[PDB]
Amino acid sequence: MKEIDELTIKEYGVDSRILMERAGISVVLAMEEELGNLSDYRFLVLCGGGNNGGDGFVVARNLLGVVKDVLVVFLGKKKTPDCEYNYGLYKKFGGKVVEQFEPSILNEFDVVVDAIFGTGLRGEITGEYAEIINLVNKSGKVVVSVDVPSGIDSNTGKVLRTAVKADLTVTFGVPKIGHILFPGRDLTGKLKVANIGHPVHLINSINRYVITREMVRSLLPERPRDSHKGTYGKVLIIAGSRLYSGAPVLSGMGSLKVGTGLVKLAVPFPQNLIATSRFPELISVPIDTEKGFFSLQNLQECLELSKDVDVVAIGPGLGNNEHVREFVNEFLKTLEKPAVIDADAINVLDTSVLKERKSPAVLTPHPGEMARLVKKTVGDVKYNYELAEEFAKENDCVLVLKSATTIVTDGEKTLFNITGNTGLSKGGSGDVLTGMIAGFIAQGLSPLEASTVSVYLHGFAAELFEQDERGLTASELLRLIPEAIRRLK
Amino acid sequence: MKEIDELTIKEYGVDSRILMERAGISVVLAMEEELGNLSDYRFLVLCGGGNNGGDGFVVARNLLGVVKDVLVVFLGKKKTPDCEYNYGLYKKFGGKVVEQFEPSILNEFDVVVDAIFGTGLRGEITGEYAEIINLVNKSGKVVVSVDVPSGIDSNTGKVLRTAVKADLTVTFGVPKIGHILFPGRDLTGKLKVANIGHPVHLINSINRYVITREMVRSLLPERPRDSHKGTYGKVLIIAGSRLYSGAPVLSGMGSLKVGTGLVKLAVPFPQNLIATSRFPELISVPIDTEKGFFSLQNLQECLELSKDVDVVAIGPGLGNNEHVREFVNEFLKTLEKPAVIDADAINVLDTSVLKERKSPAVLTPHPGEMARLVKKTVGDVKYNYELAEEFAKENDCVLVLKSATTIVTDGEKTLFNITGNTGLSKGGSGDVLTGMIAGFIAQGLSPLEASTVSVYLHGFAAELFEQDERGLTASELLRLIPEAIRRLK
Amino acid sequence: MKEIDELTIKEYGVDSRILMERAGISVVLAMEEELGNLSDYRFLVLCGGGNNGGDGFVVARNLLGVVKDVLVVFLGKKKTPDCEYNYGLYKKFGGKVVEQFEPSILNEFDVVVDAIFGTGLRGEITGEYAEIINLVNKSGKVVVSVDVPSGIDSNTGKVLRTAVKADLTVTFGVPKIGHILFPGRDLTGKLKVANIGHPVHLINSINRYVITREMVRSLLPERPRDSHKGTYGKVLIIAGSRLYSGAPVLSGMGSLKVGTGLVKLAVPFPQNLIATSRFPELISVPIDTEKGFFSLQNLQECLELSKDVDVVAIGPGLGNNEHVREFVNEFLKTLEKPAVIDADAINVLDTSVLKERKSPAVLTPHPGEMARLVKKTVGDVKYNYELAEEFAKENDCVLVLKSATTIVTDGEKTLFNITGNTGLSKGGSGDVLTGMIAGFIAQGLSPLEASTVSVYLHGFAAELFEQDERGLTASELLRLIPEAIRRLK
Amino acid sequence: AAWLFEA
Amino acid sequence: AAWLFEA
Amino acid sequence: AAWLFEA
Amino acid sequence: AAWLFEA
Ligand SMILES: CC(C)(COP(=O)(O)OP(=O)(O)OC[C@H]1O[C@@H](n2cnc3c(N)ncnc32)[C@H](O)[C@@H]1OP(=O)(O)O)[C@H](O)C(=O)NCCC(=O)NCCS
Ligand SMILES: CC(C)(COP(=O)(O)OP(=O)(O)OC[C@H]1O[C@@H](n2cnc3c(N)ncnc32)[C@H](O)[C@@H]1OP(=O)(O)O)[C@H](O)C(=O)NCCC(=O)NCCS
Ligand SMILES: CC(C)(COP(=O)(O)OP(=O)(O)OC[C@H]1O[C@@H](n2cnc3c(N)ncnc32)[C@H](O)[C@@H]1OP(=O)(O)O)[C@H](O)C(=O)NCCC(=O)NCCS
Ligand SMILES: Nc1ncnc2c1ncn2[C@@H]1O[C@H](COP(=O)(O)OP(=O)(O)OP(=O)(O)O)[C@@H](O)[C@H]1O
Ligand SMILES: Nc1ncnc2c1ncn2[C@@H]1O[C@H](COP(=O)(O)OP(=O)(O)OP(=O)(O)O)[C@@H](O)[C@H]1O
Ligand SMILES: Nc1ncnc2c1ncn2[C@@H]1O[C@H](COP(=O)(O)OP(=O)(O)OP(=O)(O)O)[C@@H](O)[C@H]1O
Ligand SMILES: [K+]
Ligand SMILES: [K+]
Ligand SMILES: [K+]
Ligand SMILES: [Mg+2]
Ligand SMILES: [Mg+2]
Ligand SMILES: [Mg+2]
């Protein structure tokens with residue numbers, strides 16, 4: 001977007017002042033949309049010396065004469081040319097600027113407009129900037145942030161020592177990563193993305209995407225009327241153990257609820273019987289194990305079961321011991337079908353296996369599993385979309401890095417998912433998602449498409465739960481998937 | 001407004017390009033408000049070489065990539081600097097311009113954006129401009145005019161040989177006279193006035209006003225609870241004759257329905273009895289005349305009846321012969337009360353009388369009566385607000401020049417009324433208005449204020465009629481006045 | 001329509017059998033529309049030997065196998081070729097025909113289909129046809145008539161000794177006069193006109209019309225927004241006397257309620273004061289008469305009052321004595337304005353006057369007034385549209401012959417009005433209509449157009465009365481006119 | 001709704 | 001609702 | 001309804 | 001409602 005502004009000005013010939021005017025008026029219109037008539041409110045506009053603060057002077061100027069009171073507190077040392085131009089207009093139009101922030105000033109205003117820092121913030125905020133932001137956050141006034149709440153790193157969503165908590169953020173052209181990843185997502189409040197006149201070609205040259213309803217609706221596979229179960233694919237799920245008997249069941253129904261034709265589980269006997277007692281539409285093949293866990297002695301049987309399916313999911317509830325590790329790695333080296341690799345299959349995975357596979361794969365780690373897989377800390381990998389991109393590219397796979405915002409990438413295209421709620425922070429949630437992804441692959445979506453649709457729909461289903469989200473369980477999530485699909489259409 | 005744009009640029013320092021960008025985006029937002037989502041429509045944008053056409057290039061450019069198709073037909077020879085700048089941006093963004101208008105081109109578009117001429121039009125439109133406008137008017141496409149429909153003289157509302165008929169007109173800063181007076185009012189369709197960033201001080205320095213609901217609500221007199229009839233004033237209406245027995249009755253109830261305390265009519269016997277048989281709350285004094293018309297022999301009695309009132313209305317249904325003329329002029333020369341002068345009192349008026357009066361007056365002519373009073377043709381006086389201003393100023397009066405748009409002026413302030421409908425194009429309508437004005441004066445409004453409130457409310461009452469407007473009569477209008485007052489509050 | 005069938009067959013080449021099949025299936029579809037599902041009902045189909053009975057065989061055949069029972073009673077001696085063809089098909093399909101009508105047969109059926117006689121009936125029905133029709137009318141069964149109820153003369157609406165009373169009549173191509181005029185209108189019940197495949201050109205070559213809502217909506221004059229009262233015309237009504245003081249008032253408001261700009265009454269003093277006491281928006285000029293009736297001494301004053309109007313209505317409540325007759329005839333000979341001539345002006349009219357007038361006229365007689373005017377009996381003139389046409393043509397006027405079905409004709413075009421109810425069978429109704437017609441003429445409609453719109457709207461207003469129609473009065477009718485106009489739009 | 005029938 | 005447009 | 005703003 | 005058409 002720095003690129004996008006520069007190109008719009010330098011190559012397309014749009015005057016910087018036109019962009020800045022459009023940014024500021026877009027903030028006004030956005031506030032009106034959220035507050036109603038603006039004329040009763042008093043506005044405190046906090047402006048830095050950069051272009052963000054310039055946008056703020058435009059906001060302030062456009063409120064003059066129309067609202068109850070406007071005051072600008074200018075907090076910088078110097079002004080960019082556009083900020084200087086708009087400061088001059090604000091004063092010429094009769095506007096009041098002070099250069100000292102006094103805590104009691106918050107008392108006399110209803111709305112604070114945060115135009116302190118935008119995407120130009122570098123480094124921790126200390127000093128009187130930090131004091132001011134902390135005062136604004138303790139004030140309980142309505143806070144509207146220009147472009148990004150001040151203090152959020154727009155590239156990562158990290159807080160740079162302290163940041164404004166906004167009720168409404170108005171950003172320009174495209175959402176920034178910092179609105180999408182946490183903590184920045186939380187500090188953004190309600191986000192509006194305003195069109196300020198960039199050419200639509202530049203806006204679409206973006207290589208990272210937010211997963212939207214329209215994108216997902218266009219990817220949902222077709223249901224031709226003259227179909228039969230084979231039309232919609234066949235999934236094998238290799239899952240479960242004497243310790244973890246529920247995981248197979250949640251993964252399997254995950255596949256069936258998204259429209260897959262046939263779902264087959266391979267589960268150690270007698271845990272396999274748990275599945276059909278709950279959902280008799282599942283096929284749950286008993287696997288004879290020595291001690292309740294898959295091992296190399298089950299390799300040949302699992303390969304045979306795989307010949308007649310379109311995709312294999314492996315990992316939920318497998319356990320992790322050496323014999324599982326030997327099984328998982330030899331199976332995946334030999335399997336010539338797409339694989340969806342989750343949970344304990346990730347914990348025991350030899351990544352050299354991924355590189356040698358001809359067939360595609362999707363990996364679905366949470367950050368703990370990701371950390372183990374690349375030998376880094378959770379803090380190193382969490383929300384680290386560049387690391388995910390590198391890993392997907394090096395291993396020729398799709399990586400679905402799960403968290404409140406989920407990252408889906410094949411190394412060329414990266415998508416961010418923002419559906420879902422904290423009801424998914426509960427055991428069993430991931431197992432359902434694995435099934436959904438396998439299912440969509442079996443129906444004909446590419447690994448990347450299947451992943452994109454599944455993460456969105458899994459989160460949206462959670463949001464359809466009718467009672468308090470903390471009481472959501474995976475079994476209810478399953479029930480809600482077809483509603484999410486209906487609503488998506 | 002030429003002044004207003006020049007001053008905003010030259011004194012306040014707003015770049016001409018910023019004004020022009022804001023004008024164009026305001027057209028887009030306005031269309032979206034009226035059409036819904038724009039993305040399905042194909043737009044034909046017709047641009048002249050002036051700043052109006054420049055605004056059109058801004059519209060066109062901002063639709064690129066968002067709607068089904070945009071095409072600009074550039075119809076000028078040369079381009080102003082801002083038009084040239086925005087033409088260049090339109091092309092840089094990928095936009096298509098042709099310089100030849102081909103009749104069949106209308107077939108392939110849904111919306112025509114008329115940015116041919118704005119307030120810069122001088123002289124009759126002939127030539128290929130006229131052919132193009134006539135084709136657009138016969139096309140049945142949706143027409144959106146930028147600033148003013150092309151072909152309307154923005155100072156007068158006259159059509160300059162031919163003009164675009166618009167569904168929607170988006171104008172900037174303030175409405176223009178040409179939107180307000182007919183025929184231009186008819187060609188404007190629905191009018192939106194967009195704020196494009198002029199300082200609110202310049203916008204309010206305007207000396208001519210449209211009469212609005214908010215203005216009228218702020219002028220309505222107060223009704224203190226501890227009041228009595230004298231609190232709300234007393235009106236004498238001198239009216240009627242053997243020929244015209246209904247006029248007194250309509251004028252009198254006009255005063256009572258707007259909240260006046262006491263209304264007294266002086267009417268030639270026995271026509272005076274008509275009034276109380278219909279509305280027994282009126283006082284209708286019998287005046288002994290020789291032949292059924294007021295004359296000098298009734299001068300002294302009418303002066304006596306006037307001593308105990310706040311305002312006198314004279315003229316409705318008086319007749320016009322020499323003896324009425326002698327009466328009317330000698331009465332008005334001697335009366336030291338505000339006068340509202342209507343109808344036959346206007347037809348016989350010696351304007352030298354107005355100049356010698358110490359007390360104020362309101363004159364309420366239709367253009368036929370105005371024409372007679374200044375010895376000009378109806379075409380000379382109709383919608384001629386500068387002539388009305390001159391007359392009000394020279395004669396120290398308020399002039400209410402009645403027509404579908406009514407002009408109210410004291411020579412310093414001029415207001416335009418746009419309430420009402422064709423149900424008021426029927427005998428008796430004017431008589432009610434005269435009573436309303438006298439009534440409001442009696443309640444304490446200045447002649448200008450009383451006139452402003454009355455013309456608005458008289459028109460708004462007409463619009464509240466529940467069946468087809470052509471069936472409205474003055475007697476129904478009376479019934480609707482208190483509803484209009486309620487709705488105004 | 002005999003012409004229309006013959007031409008469709010002989011010139012256009014449509015097989016007679018195709019017309020007849022389409023006629024019969026149209027009866028079936030029409031019955032289904034009115035009865036719902038037909039399958040529960042038993043149908044008795046009464047067929048003559050003509051093409052009407054042929055249509056009946058088509059109906060009967062198309063019910064076979066779909067309804068509870070069908071029986072045809074064939075009542076003729078011989079069969080036309082098409083009737084013979086369709087009789088043969090009915091029998092080939094398994095249908096039962098008897099040739100004897102037995103009274104008790106009505107007991108076993110729910111619906112009687114009357115296909116005995118259509119437009120081929122000539123002469124009184126006697127004999128066993130009459131007995132059968134009388135039995136059907138006393139049976140209380142649902143009766144559906146093919147083309148026209150048997151026994152109605154399709155050219156006049158007269159009953160030919162006896163006729164079927166139908167709940168539903170399905171006729172072909174166009175309504176027949178006999179459906180439109182009484183008594184036939186009453187015997188028709190609900191009328192559906194079916195398209196059976198005649199070319200639309202032949203159907204539109206018809207020279208007599210039923211006045212429809214769509215016709216009236218297309219004739220209503222426009223209300224341009226920039227209008228004034230003169231835009232909508234000016235009417236003089238010459239009316240009333242010491243005997244009949246109410247007529248002027250009803251005629252005048254008649255003109256005002258349809259949107260006329262100015263209405264002036266000339267009424268003998270002091271009866272003129274009655275008008276403005278009720279409706280002060282009327283101008284009611286006092287006329288000095290010797291004994292309470294217009295006479296030659298008022299000729300010059302009435303001519304003077306006429307110079308400044310668009311149309312004059314004369315006659316309501318004038319009285320009829322020699323002095324009124326001399327006045328009316330000399331006024332109309334000298335008046336060079338359109339005239340609407342009603343009531344007592346018709347009773348005293350010298351028709352030679354109409355022939356010598358250059359200006360147009362509308363005459364609005366009821367059949368009693370028509371009878372006097374052409375020196376015939378009421379029975380000779382009532383519903384006699386050919387006599388009305390001849391009179392309009394010979395006297396160069398529009399004739400509006402009032403009755404439950406009103407006939408409007410200029411001698412070339414004749415229109416029938418079917419709006420209205422028995423609430424209009426009350427004094428004062430006609431006086432309102434006269435005003436409506438004058439009003440529309442003043443607004444710019446031709447005498448024929450003004451007449452067409454007025455008769456429709458006057459009847460429709462009556463039907464909008466909210467309580468029982470017999471309680472309708474002319475004063476309520478007036479109130480309802482603007483509602484009728486609104487609903488028409 | 002009027003191809004077949006006029007009311 | 002009136003920052004941008006007057007009706 | 002989306003010329004200016006994406007949600 | 002079914003003389004002419006079956007659904
Ligand atoms: C160029 C771009 C990358 C950043 O530039 P910017 O918008 O001027 O940057 P910001 O307004 O966020 O802030 C810039 C200034 O904030 C202050 N700032 C940054 N980090 C700080 C820190 N950690 N502590 C204190 N102050 C800091 C600095 O003063 C910085 O410049 P400086 O070090 O020379 O003093 C950005 O893309 C841009 O120019 N515009 C954003 C889009 C927009 O607003 N559209 C309208 C048209 S310009
Ligand atoms: C200066 C102002 C009075 C008129 O200037 P303008 O807007 O350029 O004028 P328009 O666009 O209406 O049209 C100007 C050109 O139209 C053409 N035109 C005018 N009358 C014509 C006629 N009768 N026949 C053919 N062409 C004609 C002419 O080419 C004229 O200039 P030209 O004679 O040198 O060729 C006006 O107030 C203005 O500049 N702006 C309006 C507000 C606005 O759009 N806001 C955005 C910021 S500029
Ligand atoms: C030609 C047309 C004028 C009349 O012909 P028609 O339809 O055969 O006539 P109808 O069915 O009404 O009746 C004809 C027969 O009824 C009987 N009838 C007529 N008057 C009678 C009387 N007063 N007493 C007893 N019987 C009588 C007669 O038998 C007559 O012929 P007949 O004297 O030789 O015995 C008519 O326009 C027509 O042919 N069709 C009407 C439209 C239609 O049905 N469309 C389908 C295509 S044909
Ligand atoms: N707060 C949240 N908001 C949105 N999505 C969430 C949230 N917490 C968890 N999720 C989602 O729920 C799923 C959790 O799966 P994960 O495998 O990471 O945890 P889990 O306990 O192991 O589930 P399972 O027991 O099935 O393995 C992921 O899709 C994750 O993105
Ligand atoms: N088409 C219209 N739209 C809005 N207002 C109208 C229209 N026609 C007339 N009016 C209003 O109706 C009133 C007409 O009064 P005026 O005195 O001009 O005519 P009038 O016939 O003389 O009425 P009166 O008979 O009472 O004198 C004025 O207020 C005028 O502004
Ligand atoms: N039964 C009816 N159905 C429909 N219209 C009717 C009916 N009876 C009367 N009318 C209509 O009412 C009006 C009667 O006017 P007419 O002049 O014939 O009678 P009237 O008693 O003289 O009325 P007035 O006393 O006003 O002269 C006509 O339009 C007529 O067509
Ligand atoms: K900010
Ligand atoms: K224009
Ligand atoms: K029949
Ligand atoms: Mg998991
Ligand atoms: Mg007047
Ligand atoms: Mg009559």
Side-chain angles (χ1 to χ4, degrees), chain B residues 1-2 4-5 16-35 38 41 43-64 67 70-76 79-80 82-87 89-90 95 97 101 109-121 125 129 132-133 136-137 141-154 157 160 162-179 184-185 187-198, chain E residues 4-6, chain F residues 3:
Chain B
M1 266 286 132
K2 189 179 184 142
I4 299 301
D5 285 346
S16 60
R17 285 174 298 174
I18 291 160
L19 286 184
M20 181 162 289
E21 184 74 24
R22 299 260 319 240
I25 65 184
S26 87
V27 177
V28 175
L29 285 163
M31 292 191 293
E32 192 173 51
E33 196 161 292
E34 297 298 318
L35 297 178
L38 294 187
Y41 298 88
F43 293 77
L44 187 61
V45 182
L46 306 178
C47 293
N51 286 335
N52 197 246
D55 296 337
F57 281 113
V58 171
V59 170
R61 187 195 91 237
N62 276 287
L63 298 175
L64 291 170
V67 302
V70 192
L71 176 61
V72 167
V73 185
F74 175 68
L75 298 170
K79 298 174 179 84
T80 65
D82 294 311
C83 178
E84 176 65 59
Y85 178 71
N86 283 300
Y87 161 73
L89 292 182
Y90 176 72
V97 186
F101 186 93
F109 294 91
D110 309 296
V111 174
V112 176
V113 179
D114 157 40
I116 304 171
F117 309 119
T119 66
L121 182 41
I125 296 175
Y129 285 107
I132 289 183
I133 288 165
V136 165
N137 290 347
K141 296 312 173 157
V142 173
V143 185
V144 177
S145 288
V146 182
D147 210 6
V148 310
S150 297
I152 291 314
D153 179 341
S154 67
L160 293 174
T162 194
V164 166
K165 187 168 208 304
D167 301 290
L168 169 63
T169 300
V170 186
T171 193
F172 313 121
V174 286
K176 312 306 180 272
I177 287 159
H179 296 134
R185 189 170 152 205
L187 288 187
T188 291
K190 176 182 270 193
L191 185 65
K192 295 189 196 294
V193 185
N195 159 32
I196 65 166
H198 303 101
Chain E
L4 185 52
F5 293 123
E6 189 212 338
Chain F
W3 176 85

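Just so it is clear, the values below take in all heavy atoms, side chains as well, and ignore hydrogens, waters and symmetry mates. In what follows, chains carry the letters A, B, and so on, assigned in the order in which the sequence lines appear, proteins first and then strands, with residues in each chain numbered from 1.
- For the pair B:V148 and B:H179, the minimum side-chain heavy-atom distance is below 4.5 Å.
- Looking at B:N86, its side chain never comes within 3.5 Å of a backbone N or O of B:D55 through a donor-acceptor pair.
- Residue B:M1 holds its CE atom at 10.5 Å from OG1 of B:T119, rounded to the nearest 0.5 Å.
- Remark: B:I132 CD1 to B:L75 CG distance equals 4.0 Å, nearest 0.5 Å.
- By the 4.5 Å heavy-atom criterion applied to side chains, B:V144 and B:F43 are not counted as neighbours.
- Counting only heavy atoms from C-beta outward, the side chains of B:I152 and B:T188 never approach each other to under 4.5 Å.
- In this structure, B:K176 NZ and B:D153 CG are separated by 13.0 Å, a value rounded to the nearest 0.5 Å.
- Considering only heavy atoms from C-beta on, B:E34 stays 4.5 Å or farther from B:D167 through its side chain.
- The structure places CG of B:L46 at 9.0 Å from CD1 of B:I133, a figure rounded to the nearest 0.5 Å.
- The two residues B:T162 and B:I125 make their nearest non-hydrogen contact at O-CD1, 3.6 Å.
- In this structure, CG in B:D114 is found 11.0 Å from CG in B:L168, a value given to the nearest 0.5 Å.
- Side chain of B:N137 to backbone of B:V164: no donor-acceptor contact under 3.5 angstrom is found.
- Pairing each heavy atom of F:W3 with each of B:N62, the nearest pair is NE1-O, 2.9 Å.
- For E:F5 against B:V170, the heavy-atom pair with the smallest separation is CE2-CG1, 4.5 Å.
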Query raised in the report: Taking it one step at a time, do B:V146 and B:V113 satisfy side-chain contact (heavy atoms from CB on, under 4.5 Å)?
Result: CA-CA 7 Å; B:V146 182; B:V113 179; 3.9 Å; yes

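- Closest approach of E:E6 and B:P175 over heavy atoms only: OE1-CD, 4.5 Å.
- Taking the side chain as every heavy atom from C-beta outward, B:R61 and B:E21 approach each other to under 4.5 Å.
- When all heavy atoms of B:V72 and B:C47 are compared, the pair lying nearest together is CG1-SG, 3.9 Å.
- Atom-to-atom distance recorded for B:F57:CZ and B:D82:CG is 12.5 Å, nearest 0.5 angstrom.
- For the pair B:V28 and B:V59, the minimum side-chain heavy-atom distance is below 4.5 Å.
- Between B:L121 and B:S150, the closest side-chain pair of non-hydrogen atoms is not below 4.5 Å.
- Listed for the B:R185 side chain is no donor-acceptor partner under 3.5 Å among the backbone atoms of B:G157.
- For B:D147 against B:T169, the heavy-atom pair with the smallest separation is O-CG2, 3.5 Å.
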Report task. Go through the steps to decide whether B:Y41 and B:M31 satisfy the test side-chain contact (heavy atoms from CB on, under 4.5 Å), and finish with yes or no. Result -> CA-CA 11 Å; B:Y41 298 88; B:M31 292 191 293; over 6 Å; no

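- Between B:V58 and B:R22, the closest side-chain pair of non-hydrogen atoms is not below 4.5 Å.
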